[PDB]
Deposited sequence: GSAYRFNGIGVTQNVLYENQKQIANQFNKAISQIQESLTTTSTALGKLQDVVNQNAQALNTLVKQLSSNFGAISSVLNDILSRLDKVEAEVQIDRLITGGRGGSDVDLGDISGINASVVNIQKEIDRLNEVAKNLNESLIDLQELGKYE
């Protein structure tokens, strides 16, 4: 009463501003951390996708060859005894593309600097 109300409000503002700005920084860090983590997942997921496809590609080739050789062999035996397998090329791994979301997270982190609070200070309390 004696003259504190005006002073408590200002102190409250300084806290509000300090706590908010503190939180923003924490949030920016979390965003960058999420984008970084999302980016690593994308790399691994895609590299593993391409590994699986590269494999299917070779395997298909192998079974085509194996079935061919066994056929030749069986054939010979026939002649000798006379004288005397599913393809997997369709299996495909897809890749993910979240680069746009990753870039968006970094932009938002950078832009939160524009949402910080620059409290007008009252000398009479500073």
Item to check | Deposited positions lacking CA coordinates | outcome: 1-7, 92-107
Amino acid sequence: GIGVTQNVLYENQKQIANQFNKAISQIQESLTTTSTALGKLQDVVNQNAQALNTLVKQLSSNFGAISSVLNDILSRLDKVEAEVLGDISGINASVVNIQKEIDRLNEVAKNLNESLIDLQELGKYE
From here on, numbers count along this sequence of modelled residues.
Checklist entry - If you average the CA temperature factors over each stretch, which comes out higher, 33-41 or 55-63? => result 55-63
Checklist outcome for this item: Averaging the C-alpha temperature factors as deposited, the higher value of 111-119 versus 21-29 falls on 111-119
Checklist entry - Lowest, middle or highest third of the chain for the C-alpha temperature factor of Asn97? => result lowest
Checklist outcome for this item: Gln47: C-alpha B-factor third of its chain, per the entry, is the lowest
